[PDB]
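Just one chain follows, in the form deposited in one PDB entry, and it is written as structure tokens.
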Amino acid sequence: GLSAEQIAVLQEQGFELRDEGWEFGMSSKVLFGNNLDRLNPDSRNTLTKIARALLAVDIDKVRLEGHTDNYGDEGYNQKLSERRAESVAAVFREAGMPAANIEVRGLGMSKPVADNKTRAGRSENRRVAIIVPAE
């Protein structure tokens, strides 16, 4: 049961509603640049800001999901996606979100959002979803 005031904050922070709840997806290019799992300093501050905004209205559970394109080793992409999700998780922990309320998954190339047949598609598949689970 999310209040209208909580929904307002999620909307202002850029979340959109999906099957699993309120989701804010950011591409890996925005989040990490040419880094591996170290966030761009700017992206990290941005994420700390989102985290504090949710917590201010007692939104204090998040699920963090990492994705890669299909290009490359499945196993490597899998670990990378997970480490990338964990980088975002750590920002939410330091921002004051309980470790038990934070869930981190690496989904590798399993859950595309765009077509791996094009270089532009693949780029969109490399991403981390911030989800606030709600039914």
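Whichever C-alpha set is largest while still superposing within 1.5 Å between the two forms counts as the rigid core. Residue indices: 1-based, along the sequence shown.
There is another form of this protein, the form deposited in another entry, and it is not shown here; the text below is about that form.
Core-superposed comparison between this form and the one not shown: CA of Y71 displaced by 2 Å or more. Remark: with the core as the superposition reference, the CA shift of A89 between this form and the one not shown stays below 2 Å. A movement of the C-alpha atom of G33 reaching 2 angstroms or beyond is seen between this form and the one not shown when the two forms are aligned on their rigid core.
Whereas the shown form places them at one spacing, the Cα atoms of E20 and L64 lie at least 3 Å farther apart in that other deposited form.
In that other deposited form, the CA atoms of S28 and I59 sit closer together than in the displayed form, by at least 3 angstroms.
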